Structure formats: structure tokens, C-alpha cells
Amino acid sequence: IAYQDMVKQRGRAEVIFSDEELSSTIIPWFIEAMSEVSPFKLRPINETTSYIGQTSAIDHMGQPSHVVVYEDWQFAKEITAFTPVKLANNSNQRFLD
Amino acid sequence: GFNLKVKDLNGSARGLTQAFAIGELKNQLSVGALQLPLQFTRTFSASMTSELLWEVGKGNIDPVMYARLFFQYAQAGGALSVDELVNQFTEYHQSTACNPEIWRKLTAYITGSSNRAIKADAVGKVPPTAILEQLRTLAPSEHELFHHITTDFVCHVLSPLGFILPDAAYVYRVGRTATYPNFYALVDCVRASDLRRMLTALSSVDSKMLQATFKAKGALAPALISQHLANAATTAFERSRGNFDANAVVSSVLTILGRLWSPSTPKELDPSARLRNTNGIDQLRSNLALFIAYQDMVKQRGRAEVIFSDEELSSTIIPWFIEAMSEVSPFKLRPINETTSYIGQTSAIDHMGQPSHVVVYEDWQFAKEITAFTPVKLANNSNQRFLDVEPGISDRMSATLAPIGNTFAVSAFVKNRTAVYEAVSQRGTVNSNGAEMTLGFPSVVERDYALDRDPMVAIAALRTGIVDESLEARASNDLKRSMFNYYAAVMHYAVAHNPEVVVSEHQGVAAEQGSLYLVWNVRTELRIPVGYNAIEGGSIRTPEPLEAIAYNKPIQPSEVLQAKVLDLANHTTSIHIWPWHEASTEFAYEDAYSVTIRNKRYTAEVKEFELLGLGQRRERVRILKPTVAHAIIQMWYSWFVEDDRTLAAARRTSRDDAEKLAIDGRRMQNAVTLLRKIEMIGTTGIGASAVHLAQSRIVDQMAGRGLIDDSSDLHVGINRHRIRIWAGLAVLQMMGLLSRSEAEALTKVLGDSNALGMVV
């Protein structure tokens with residue numbers, strides 16, 4: 001999907017052409033870059049959609065009249081209410097009681 | 001790209017006439033027949049194509065380096081003249097170095113107290129950067145140079161090595177310089193060697209015994225050395241005396257060189273054979289730069305006077321004029337054969353044939369890279385910065401730079417220039433107003449783009465030979481300085497190919513004295529369309545260097561004269577910096593493509609960061625002005641516009657029905673070459689990025705307002721060619737290559753003639 005996005009905005013893709021050699025040896029580190037640092041960490045595609053449900057309405061035969069896709073979410077538990085306290089002026093440093 | 005009709009110079013280019021230079025603008029022109037000869041072996045020329053980073057040392061107070069930098073500061077951007085730059089330093093140096101209050105203040109600032117004085121074997125080293133931090137508050141000078149030059153004086157006298165930690169890295173940019181020594185530039189050279197002796201006085205055999213006096217027997221009480229250094233720097237100052245007035249030096253040394261060049265050496269005084277024998281005066285009377293400088297001086301001054309310390313003095317004092325010129329100056333002495341090495345010449349022809357079109361050019365190589373940097377301040381109120389060069393912008397533009405170099409190379413320029421001028425059924429002629437001559441000199445134009453001037457205003461002044469008296473001092477002075485660099489460059493090439501020449505006096509207007517001028521001789525073919533001269537015998541005598549150049553034969557240039565990139569990457573990443581700001585530019589660009597589709601107009605806006613395909617935008621980064629590359633393209637531009645201008649008024653003044661069908665020929669013809677060139681650039685890393693952005697935003701605009709189906713028309717022939725030209729003009733603008741003002745006058749040209757072949 002990232003590819004689709006890029007080519008939509010860029011309209012071309014150009015290469016450093018240091019390959020066939022370079023980026024096969026340097027870099028895989030693109031892999032390392034994506035694996036460790038990022039919030040996006042790699043998952044099996046079966047388990048990425050686990051929270052998604054689907055349900056159909058129906059007619060007599062029948063074809064669906066109404067189909068609803070959802071994410072099962074649980075509400076609550078608490079709503080925290082805090083009062084900020086400044087230790088030193090000019091800074092965002094705070095205790096939150 | 002300065003184009004001229006060789007026949008009438010007074011009409012075509014007044015600025016390039018020698019008669020102009022010696023100050024006769026009257027209908028009378030210099031008389032081809034007069035007296036005494038001469039041969040030029042050498043001249044003074046500066047360096048082309050050099051971008052260098054110069055570290056300023058631990059110590060050591062390099063007395064030449066500083067005096068050189070002074071020139072580079074006064075040159076690469078205007079600050080007065082290097083003369084005024086010097087007596088500003090002397091005033092500074094007096095206000096600082098002779099003042100004991102100030103010496104007390106900084107000796108106290110290092111350690112330990114303003115009052116109490118302690119030998120203090122405990123006290124450790126101190127950073128030079130910290131001494132400069134103080135100096136910015138103590139002696140608030142505009143030119144931060146001054147703070148270093150005094151600084152590493154103290155680090156020179158402060159090095160038992162205890163108190164000074166010799167750790168800092170500081171660098172300066174030595175860039176392109178105007179090539180040839182204007183009269184007042186000479187005065188500036190003498191004035192810089194005044195600085196050479198000034199500094200070599202500071203670092204001394206007696207500043208070094210300061211190490212050896214207090215080396216015994218060890219560390220001593222500080223309160224002393226404040227009064228000692230103050231007298232130490234004064235002795236260095238009081239010893240270097242103004243002595244000889246630098247103007248009076250140059251005035252009188254050139255004046256006598258004027259006396260032994262001239263065929264009129266009057267009754268009263270002609271040079272002594274003793275001073276005639278003085279070493280180097282042989283290469284002095286044979287120096288070309290010194291001659292055009294004479295012309296310069298006597299044009300402005302109108303007389304030449306002597307210090308009259310001669311006959312003796314200037315045989316003994318000075319040769320030192322030589323010393324000033326030898327070492328300090330960027331103008332270092334060269335053989336006149338090797339000075340014109342980058343200049344070629346090529347002629348078009350008719351059947352027989354005489355040259356129809358003659359092009360003089362400088363071989364220049366483009367590219368390689370274009371650097372983009374973001375300045376980072378270490379300390380406020382100072383121009384001290386690290387410059388982090390951030391690539392991927394530099395690489396991206398440099399990628400688009402390679403194809404511009406191919407399509408705009410000077411080689412392609414001279415190729416496409418010769419083949420245009422031909423007319424139906426040959427034969428010539430003196431008709432069309434004769435044999436045109438065009439000469440590009442990016443070396444000269446680069447100066448104007450470097451000094452943030454319109455090259456076209458200097459160019460205009462050449463043709464007319466008159467300047468607007470209203471505009472401010474620095475403005476005209478930058479113009480005239482540039483206007484000289486043209487004439488200077490001309491007579492260097494002109495003489496380099498015909499060294500045997502004759503000097504002759506002028507009648508005079510008063511007549512008082514007179515100006516010495518130059519005449520050439522050259523042998524050639526029978527019939528001359530070219531500007532009036534005999535030619536009488538297959539050889540011809542001429543005063544004007546253009547006529548002289550027109551008669552030479554095609555030339556192969558010896559050297560490539562490749563312009564080089566400055567290296568920010570390796571150095572500046574770890575180091576502090578020079579006067580960078582006026583030499584760079586804020587990096588931001590906006591442009592917009594508009595078009596009409598089915599009686600409705602859509603417009604897309606585009607920004608610089610979108611063009612390099614990134615987000616969002618970084619405003620802090622800047623681009624180093626690629627002044628040289630711009631000057632090369634100018635040569636192209638200056639042709640297109642200026643030819644179209646004269647060709648338009650040519651068609652109006654042409655009554656003949658047969659002549660006009662020829663004029664409109666050259667017009668549409670080279671106009672499409674301008675089209676094909678730009679259209680090519682419209683396809684590039686940027687060019688394609690631009691067209692893509694523009695087209696996409698229009699369709700996004702077309703989905704909303706109605707139906708999309710009209711977008712099929714964007715892919716039709718004319719619109720496709722339209723959008724491409726725009727991208728091409730936009731990319732050139734978004735690099736240092738096209739002023740919005742000049743590209744506008746280009747668009748007008750492409751539209752003045754319809755200049756669109758549909759071509760199926």
C-alpha cells in the first residue's frame with residue numbers, strides 16, 4: 001500500500017543504481033531500520049485483523065440487504081482527572097497530581 | 001553572449017573601443033599611422049575556477065594569508081576597497097593594541113582576577129574561542145577578521161603552552177576573483193603589502209623572545225604582562241610607518257613607465273639610464289596589465305605626476321612595488337602566452353570566403369555538483385557558523401544538473417551559433433549590416449551574478465557607452481569595475497595573438513600631455529566588409545582590438561577551465577566559517593502552471609519541497625549560489641533576447657521585400673532551438689516531478705468542478721508541449737540559473753514569434 005501512495009504522489013520512482021550490488025549488500029539495514037526502532041513492528045497477517053468482525057442481514061433466498069463490519073472494542077474502565085503542578089517556570093516539567 | 005557588428009563599433013559597442021578607454025569619444029578615432037613599438041612578454045592575471053577553504057592557524061600569524069583574505073573579502077562581495085579596509089584595521093589596531101585598559105580586561109578575564117596577580121602554577125589552559133567571545137563585546141567590529149588577527153597574536157606570545165590550549169578549527173573561503181588589475185586595484189595591492197609588513201612586525205623576533213624572556217625562570221605574576229604586551233604591540237605599530245603614500249607610489253611608477261613607452265618623450269625629462277637598468281623594469285615595461293592600468297589612470301586623472309624623489313629614489317626605493325605585486329596579490333605574474341589558454345575563436349563563412357560570423361569564447365566545463373547547506377550558529381551576534389551540508393537535496397539537484405551541462409555546454413553553443421547566420425544563395429554580405437561578432441565571457445558575467453547585479457545593465461553600457469548618473473556610488477562603481485573587466489579581457493586576448501605592436505601618443509584635447517594607445521598589424525585576404533581600414537596591400541593597421549581579433553583564424557583552446565565545487569562536506573562539518581551569507585541564498589521557490597480547458601481556466605501551484613519529492617519543507621537550508629553555471633546560461637539567454645530585439649527593429653527598418661523573408665527566417669528558426677532546449681530540461685528528476693504535480697492537481701481540480709473527461713485534452717499536442725516548457729523554465733528558476741525577470745523576457749521571445757510547430 002505504501003508503494004501505491006508513493007507513486008500516487010511522486011508519479012515516478014528513480015533508483016540510486018548502486019544496485020544490483022550495493023543495496024543487496026548495503027542496505028538490508030532497511031530491514032533493521034524497520035524491525036527495531038519503529039512502532040510498526042512486523043506481524044503475521046492472520047493476527048493483525050483479529051479484532052475485526054462482520055455480520056450480514058438477509059432476505060428470504062437470500063442476498064444480504066445490510067452488511068456491517070466492526071472492531072470489537074471494550075469501553076471504559078476509568079476517566080482520570082489531574083491537576084498540573086509547575087516545578088520551574090519556562091519548562092513543561094510538571095507533576096500531575 | 002555579447003553580440004556586436006564589427007563594422008560600426010561606435011554604434012555597436014562603444015564600451016569596447018580603446019578610443020573610449022583613452023577618452024576620445026568624439027567622431028575622430030585613433031589614427032592608424034604613428035610611432036613606437038613594443039613587445040609584451042608578461043602580464044598580471046588572477047586565478048579562475050578556484051574554490052578553496054583556508055584554515056587560520058594556531059598562531060602563527062601568517063602575514064601574507066591575512067592580506068590575501070582582505071582582498072578576497074573586498075572582492076567576493078563589496079566592502080569599500082581593500083585600501084579603506086586597511087586603514088580601518090589600523091584604526092582598530094590603534095584603538096585596541098595600544099590601549100592598556102583593554103589588555104588588563106582580557107588578562108583578568110582569563111585568570112584569575114582584575115586586581116590580584118598570582119603566578120598561579122595551578123591555572124590550566126584557556127580556549128582561543130573564549131578570547132574572541134570577549135573581543136566581540138570589547139571591540140565591536142563589523143569585520144570579524146580583525147578579532148582573529150589580534151587573537152593569534154596573543155596565542156603566539158602566550159605559548160609557553162600552559163595558558164593557551166591550542167584547540168580550535170577556523171576556515172575561510174577563497175573564491176573567484178575579478179581577473180585583471182584595474183588602476184585602483186594596484187593601489188590596493190601596495191596597500192595590502194603595507195599590511196604584510198604590519199603583521200610580520202607583530203609576529204617578530206621580539207614577539208618570540210617574549211617566550212624566551214618569561215621562560216626564565218618560570219611562571220611570573222600576571223599584572224605585569226598587561227602593560228608589557230601593550231608596549232609590545234605599540235613598538236610593532238610605531239615601527240611600521242605609513243611611509244610612502246600608496247596612491248603616490250602607483251601614480252609615479254606608472255607615470256615613468258608612461259614616459260618610456262611614449263614616442264613623445266619631451267625635452268625636460270626622460271628616464272635615467274641608471275633607473276632604466278634597475279632590475280625588473282624590463283618586465284615592468286613589458287607588462288600588459290600595467291599598460292591597460294596606465295590607460296585607466298590617465299583617463300580618470302588627465303595627467304601624470306611624479307613624487308620627484310627620483311631620479312634616485314625609485315631606482316633604489318621602490319623596487320618594493322615589485323614586492324607588493326609579487327607575493328600578496330591574487331594577480332600573480334604570468335607569461336602572456338598562457339593567460340589566454342581558455343579562449344578559442346571560430347568563424348562562420350561564405351563561399352569564397354570572408355567570415356560572416358565570428359565567435360570568441362571561453363571553454364568552460366559545467367557541474368559537477370551543487371551544494372545545499374543549513375547554517376548552524378555556535379554563538380549569537382557573530383557570523384561564526386558550522387555549515388552542515390545536507391545532501392539528498394544536493395544530490396537530487398546535482399542529478400538534474402548533469403543534463404543541463406550536456407544541453408548547455410559551450411561546445412553546443414558555438415556549434416549552433418555558426419550554422420544560423422547563412423542566407424539564401426550565399427553570398428555575404430555587407431548587407432544585413434555586415435559581419436557580426438559575438439563574444440561570451442562567463443568569467444566576466446559571473447562577477448555580476450556574484451555581486452547581485454543584472455549582467456544586462458553592464459552589457460547595455462557597452463553598446464551605448466553611457467551610464468546613468470543618478471544611481472548610487474556602489475552601484476555604478478560595481479558597474480564600471482565590471483565594464484573594465486570586459487575591455488581588459490578583450491585586450492589580453494587581442495595582444496596574446498599579435499604580440500608585435502606599436503604605441504602612439506594622442507593629439508590631446510587641450511592639448512596637455514596625451515594618452516598612449518595601441519595599434520596592431522595583420523595580413524589577410526583581398527576584400528574587407530569589416531570596419532573601416534584600408535586595407536591596402538593584404539595587410540592592415542588598426543587601433544581597435546575587435547578589428548584586430550576579427551582577422552585571426554580559428555583557434556583551439558588549450559585548457560578546459562572546469563569550474564569546481566566547493567567542498568563543504570569534508571571540512572565545514574567540523575569547522576567555523578567566513579562571510580557566507582551574501583554568497584548564498586535562502587532556499588524556497590514557488591511557481592504556478594495555468595491553462596485553459598474548454599473555456600475554463602485551471603491553475604496549480606507548486607513549491608520547492610514538492611519538486612524534490614519530500615515533506616514537509618525545511619526553510620532553514622540554503623543553496624550556495626552557482627554563479628558560474630548561471631553566467632554560462634546567460635550567454636545563451638543574452639543571445640536569444642538581444643538578437644530578437646535587433647531583428648525586430650531590423651524588420652521595421654527593412655523596406656526590401658526580399659530581405660524581410662530572411663530576417664523572419666533566423667527568428668522562428670532559432671526560437672524553436674530555444675524551445676527544444678528547454679523542453680528537454682522539462683524532462684528530468686525535477687522536470688518530470690513538476691509536470692506530474694501540475695497535471696495531478698488540475699485533475700483533482702477537474703473532478704470537483706464537474707466532469708473529469710475534459711482531462712483527456714491535457715494529453716493533446718499543444719498542451720503537452722506547453723506544460724513541458726513551463727517545467728523547464730521552473731527548474732531553471734528553482735536552481736540559481738534563471739532570474740524570474742529574465743525568464744519572463746525569454747517567454748516573451750518564444751511568444752513574440754508564434755514558434756510552435758505542431759509537426760503532426
# chains A, B, ... in the order shown; residues from 1 in each chain; ligands from 1
>>> residues_around(residues="residue 72 in chain A", least_positions_apart="4", cutoff="10 Å", atoms="only C-alpha atoms", output="ChimeraX atom specification")
/A:50-53
>>> residues_around(residues="range 36-48 of chain B", least_positions_apart="6", cutoff="9 Å", atoms="only C-alpha atoms", output="MDAnalysis selection string")
chainID B and resid 175:181 261:263 283:290 325 329:337 339 443 492 495:496 499:504 561 563
>>> closest_residue(among="B:116, B:581, B:396, B:173", to="chain A", atoms="only C-alpha atoms")
B:396
>>> residues_around(residues="residue 255 in chain B", least_positions_apart="2", cutoff="7 Å", atoms="only C-alpha atoms", output="VMD selection string")
chain B and resid 251 to 253 257 to 259 304 to 306
>>> interface_residues(of="chain A", to="chain B", cutoff="10 Å", atoms="only C-alpha atoms", output="ChimeraX atom specification")
/A:6,8-14
>>> write_last_selection(atoms="N, CA, C and O atoms", output="PDB file, in the first residue's frame")
ATOM      1  N   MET A   6       3.219   6.233  -2.583  1.00  0.00           N
ATOM      2  CA  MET A   6       4.381   6.934  -3.085  1.00  0.00           C
ATOM      3  C   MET A   6       4.197   7.289  -4.553  1.00  0.00           C
ATOM      4  O   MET A   6       4.365   8.435  -4.947  1.00  0.00           O
ATOM      5  N   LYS A   8       1.597   7.514  -6.264  1.00  0.00           N
ATOM      6  CA  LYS A   8       0.494   8.455  -6.467  1.00  0.00           C
ATOM      7  C   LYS A   8       0.999   9.887  -6.333  1.00  0.00           C
ATOM      8  O   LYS A   8       0.646  10.755  -7.129  1.00  0.00           O
ATOM      9  N   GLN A   9       1.803  10.136  -5.306  1.00  0.00           N
ATOM     10  CA  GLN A   9       2.329  11.470  -5.057  1.00  0.00           C
ATOM     11  C   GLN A   9       3.539  11.808  -5.942  1.00  0.00           C
ATOM     12  O   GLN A   9       3.639  12.916  -6.468  1.00  0.00           O
ATOM     13  N   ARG A  10       4.456  10.855  -6.100  1.00  0.00           N
ATOM     14  CA  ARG A  10       5.682  11.065  -6.877  1.00  0.00           C
ATOM     15  C   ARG A  10       5.464  10.986  -8.382  1.00  0.00           C
ATOM     16  O   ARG A  10       5.934  11.844  -9.126  1.00  0.00           O
ATOM     17  N   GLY A  11       4.757   9.945  -8.820  1.00  0.00           N
ATOM     18  CA  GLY A  11       4.477   9.726 -10.232  1.00  0.00           C
ATOM     19  C   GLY A  11       5.619   9.106 -11.008  1.00  0.00           C
ATOM     20  O   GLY A  11       5.575   8.962 -12.233  1.00  0.00           O
ATOM     21  N   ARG A  12       6.671   8.777 -10.285  1.00  0.00           N
ATOM     22  CA  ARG A  12       7.806   8.114 -10.867  1.00  0.00           C
ATOM     23  C   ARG A  12       8.513   7.487  -9.703  1.00  0.00           C
ATOM     24  O   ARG A  12       8.191   7.784  -8.559  1.00  0.00           O
ATOM     25  N   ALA A  13       9.430   6.579  -9.982  1.00  0.00           N
ATOM     26  CA  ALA A  13      10.319   6.067  -8.953  1.00  0.00           C
ATOM     27  C   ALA A  13      11.720   5.971  -9.540  1.00  0.00           C
ATOM     28  O   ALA A  13      11.911   5.273 -10.537  1.00  0.00           O
ATOM     29  N   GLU A  14      12.706   6.661  -8.972  1.00  0.00           N
ATOM     30  CA  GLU A  14      14.046   6.538  -9.554  1.00  0.00           C
ATOM     31  C   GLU A  14      14.971   5.823  -8.592  1.00  0.00           C
ATOM     32  O   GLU A  14      14.745   5.823  -7.386  1.00  0.00           O
TER      33      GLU A  14
END
>>> closest_residue(among="A:48, A:59, A:1, A:27", to="residue 71 in chain A", atoms="only C-alpha atoms")
A:48
>>> select_by_dssp(residues="chain A", states="strand (DSSP E or B)", output="ChimeraX atom specification")
/A:52-56,67-71,84-86,94-96
>>> select_by_dssp(residues="chain A", states="alpha helix (DSSP H)", output="ChimeraX atom specification")
/A:2-10,22-25,29-35
>>> residues_around(residues="range 120-128 of chain B", least_positions_apart="4", cutoff="9 Å", atoms="only C-alpha atoms", output="ChimeraX atom specification")
/B:110-112,132-133,151-152,155,161-168,219-222
>>> write_last_selection(atoms="N, CA, C and O atoms", output="compact mmCIF listing (two decimals), in the first residue's frame")
# COMPACT_ATOMS: atom_id res chain seq x y z
N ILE B 110 40.97 35.91 31.61
CA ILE B 110 41.47 34.55 31.51
C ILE B 110 41.61 33.93 32.91
O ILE B 110 41.01 32.89 33.19
N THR B 111 42.34 34.62 33.79
CA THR B 111 42.58 34.24 35.18
C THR B 111 43.32 35.40 35.82
O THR B 111 43.98 36.17 35.13
N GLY B 112 43.24 35.49 37.15
CA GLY B 112 42.12 34.97 37.90
C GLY B 112 41.20 36.08 38.40
O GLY B 112 40.05 35.84 38.77
N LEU B 132 37.87 35.34 21.81
CA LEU B 132 37.17 36.01 20.75
C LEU B 132 35.78 36.41 21.25
O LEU B 132 35.28 37.49 20.93
N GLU B 133 35.17 35.54 22.06
CA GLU B 133 33.85 35.83 22.63
C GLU B 133 33.89 37.17 23.36
O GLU B 133 32.98 37.98 23.24
N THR B 151 43.93 38.03 17.95
CA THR B 151 43.86 36.82 18.76
C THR B 151 45.13 36.00 18.67
O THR B 151 45.86 35.85 19.65
N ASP B 152 45.39 35.45 17.49
CA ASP B 152 46.52 34.54 17.36
C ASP B 152 47.86 35.28 17.47
O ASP B 152 48.92 34.66 17.39
N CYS B 155 48.04 34.38 21.12
CA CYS B 155 48.31 32.96 21.26
C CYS B 155 49.75 32.66 20.84
O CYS B 155 50.29 31.62 21.16
N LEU B 161 52.86 27.44 26.42
CA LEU B 161 51.90 26.35 26.10
C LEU B 161 51.00 26.00 27.30
O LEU B 161 50.08 25.19 27.18
N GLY B 162 51.26 26.63 28.44
CA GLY B 162 50.45 26.44 29.63
C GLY B 162 49.04 27.02 29.58
O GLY B 162 48.05 26.32 29.77
N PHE B 163 48.98 28.32 29.31
CA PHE B 163 47.75 29.10 29.40
C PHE B 163 46.86 28.93 28.17
O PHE B 163 45.64 28.99 28.26
N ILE B 164 47.49 28.79 27.00
CA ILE B 164 46.77 28.57 25.75
C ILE B 164 46.60 27.09 25.43
O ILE B 164 47.58 26.37 25.25
N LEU B 165 45.36 26.61 25.40
CA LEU B 165 45.10 25.31 24.81
C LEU B 165 44.92 25.51 23.31
O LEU B 165 44.00 26.21 22.90
N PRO B 166 45.85 24.96 22.50
CA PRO B 166 45.83 25.29 21.07
C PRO B 166 44.77 24.51 20.29
O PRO B 166 45.10 23.88 19.29
N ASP B 167 43.51 24.58 20.75
CA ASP B 167 42.44 23.83 20.10
C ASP B 167 41.31 24.71 19.55
O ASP B 167 40.49 25.24 20.30
N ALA B 168 41.29 24.85 18.23
CA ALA B 168 40.17 25.44 17.51
C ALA B 168 40.32 25.08 16.03
O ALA B 168 41.41 24.74 15.59
N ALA B 219 56.91 30.58 35.54
CA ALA B 219 55.71 31.40 35.62
C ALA B 219 55.90 32.60 36.54
O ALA B 219 56.52 32.49 37.60
N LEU B 220 55.37 33.75 36.12
CA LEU B 220 55.60 35.01 36.82
C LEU B 220 54.25 35.73 37.02
O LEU B 220 53.25 35.33 36.43
N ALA B 221 54.22 36.77 37.84
CA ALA B 221 52.98 37.46 38.20
C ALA B 221 52.32 38.21 37.03
O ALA B 221 52.98 39.00 36.34
N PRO B 222 51.01 37.96 36.82
CA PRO B 222 50.25 38.38 35.63
C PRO B 222 50.09 39.89 35.46
O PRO B 222 50.07 40.35 34.31
>>> residues_around(residues="range 648-662 of chain B", least_positions_apart="3", cutoff="8 Å", atoms="only C-alpha atoms", output="MDAnalysis selection string")
chainID B and resid 423:424 644:645 665:666
>>> write_last_selection(atoms="N, CA, C and O atoms", output="tab-separated table (two decimals), in the first residue's frame")
chain	number	residue	atom	x	y	z
B	423	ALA	N	22.39	32.96	-45.40
B	423	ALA	CA	21.23	33.48	-46.13
B	423	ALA	C	21.11	32.83	-47.51
B	423	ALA	O	22.07	32.22	-47.99
B	424	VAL	N	19.94	32.95	-48.13
B	424	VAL	CA	19.67	32.30	-49.43
B	424	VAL	C	20.63	32.70	-50.55
B	424	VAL	O	20.96	33.88	-50.71
B	644	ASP	N	16.68	38.83	-30.94
B	644	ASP	CA	15.27	39.07	-31.23
B	644	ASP	C	14.96	40.57	-31.22
B	644	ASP	O	14.18	41.05	-32.04
B	645	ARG	N	15.57	41.29	-30.28
B	645	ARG	CA	15.39	42.74	-30.16
B	645	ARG	C	15.85	43.46	-31.42
B	645	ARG	O	15.11	44.26	-32.01
B	665	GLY	N	13.27	34.39	-41.03
B	665	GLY	CA	13.86	33.07	-41.08
B	665	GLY	C	14.68	32.75	-39.84
B	665	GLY	O	14.42	31.74	-39.18
B	666	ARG	N	15.66	33.60	-39.52
B	666	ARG	CA	16.55	33.35	-38.37
B	666	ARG	C	15.74	33.32	-37.10
B	666	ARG	O	16.01	32.53	-36.20
>>> residues_around(residues="residue 94 in chain A", least_positions_apart="5", cutoff="12 Å", atoms="only C-alpha atoms", output="PyMOL selection string")
chain A and resi 82-89
>>> residues_around(residues="range 444-447 of chain B", least_positions_apart="6", cutoff="8 Å", atoms="only C-alpha atoms", output="MDAnalysis selection string")
chainID B and resid 177:178 455 482 485:486 627:628 630:631 634
>>> write_last_selection(atoms="N, CA, C and O atoms", output="PDB file, in the first residue's frame")
ATOM      1  N   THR B 177      37.870  35.534  -8.307  1.00  0.00           N
ATOM      2  CA  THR B 177      38.255  36.942  -8.244  1.00  0.00           C
ATOM      3  C   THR B 177      38.136  37.557  -9.629  1.00  0.00           C
ATOM      4  O   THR B 177      38.266  36.859 -10.641  1.00  0.00           O
ATOM      5  N   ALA B 178      37.872  38.861  -9.672  1.00  0.00           N
ATOM      6  CA  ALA B 178      37.935  39.592 -10.924  1.00  0.00           C
ATOM      7  C   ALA B 178      39.335  39.331 -11.457  1.00  0.00           C
ATOM      8  O   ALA B 178      40.293  39.241 -10.690  1.00  0.00           O
ATOM      9  N   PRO B 455      23.533  41.456 -15.306  1.00  0.00           N
ATOM     10  CA  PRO B 455      24.592  41.480 -16.319  1.00  0.00           C
ATOM     11  C   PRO B 455      24.180  42.342 -17.499  1.00  0.00           C
ATOM     12  O   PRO B 455      25.013  42.987 -18.139  1.00  0.00           O
ATOM     13  N   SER B 482      33.077  46.244 -13.548  1.00  0.00           N
ATOM     14  CA  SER B 482      32.726  45.157 -14.443  1.00  0.00           C
ATOM     15  C   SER B 482      32.955  45.574 -15.893  1.00  0.00           C
ATOM     16  O   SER B 482      33.423  44.781 -16.702  1.00  0.00           O
ATOM     17  N   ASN B 485      36.458  45.000 -16.814  1.00  0.00           N
ATOM     18  CA  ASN B 485      36.794  43.576 -16.960  1.00  0.00           C
ATOM     19  C   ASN B 485      36.508  43.025 -18.351  1.00  0.00           C
ATOM     20  O   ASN B 485      37.115  42.050 -18.784  1.00  0.00           O
ATOM     21  N   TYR B 486      35.538  43.624 -19.023  1.00  0.00           N
ATOM     22  CA  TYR B 486      35.307  43.333 -20.423  1.00  0.00           C
ATOM     23  C   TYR B 486      36.466  43.819 -21.298  1.00  0.00           C
ATOM     24  O   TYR B 486      37.090  43.035 -22.013  1.00  0.00           O
ATOM     25  N   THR B 627      27.016  30.712  -9.250  1.00  0.00           N
ATOM     26  CA  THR B 627      27.160  31.908 -10.063  1.00  0.00           C
ATOM     27  C   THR B 627      27.778  31.640 -11.412  1.00  0.00           C
ATOM     28  O   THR B 627      27.436  32.289 -12.387  1.00  0.00           O
ATOM     29  N   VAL B 628      28.694  30.686 -11.470  1.00  0.00           N
ATOM     30  CA  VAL B 628      29.396  30.408 -12.715  1.00  0.00           C
ATOM     31  C   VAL B 628      28.451  29.741 -13.716  1.00  0.00           C
ATOM     32  O   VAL B 628      28.332  30.180 -14.860  1.00  0.00           O
ATOM     33  N   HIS B 630      25.313  29.879 -13.893  1.00  0.00           N
ATOM     34  CA  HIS B 630      24.364  30.895 -14.308  1.00  0.00           C
ATOM     35  C   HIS B 630      24.948  31.753 -15.440  1.00  0.00           C
ATOM     36  O   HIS B 630      24.265  32.056 -16.420  1.00  0.00           O
ATOM     37  N   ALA B 631      26.217  32.136 -15.301  1.00  0.00           N
ATOM     38  CA  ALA B 631      26.858  33.050 -16.245  1.00  0.00           C
ATOM     39  C   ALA B 631      26.982  32.418 -17.625  1.00  0.00           C
ATOM     40  O   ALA B 631      26.989  33.117 -18.637  1.00  0.00           O
ATOM     41  N   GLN B 634      23.592  32.508 -19.135  1.00  0.00           N
ATOM     42  CA  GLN B 634      23.393  33.909 -19.532  1.00  0.00           C
ATOM     43  C   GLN B 634      23.804  34.165 -20.980  1.00  0.00           C
ATOM     44  O   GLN B 634      23.125  34.874 -21.731  1.00  0.00           O
TER      45      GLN B 634
END
>>> closest_residue(among="B:451, B:475, B:281, B:588", to="residue 74 in chain B", atoms="only C-alpha atoms")
B:451
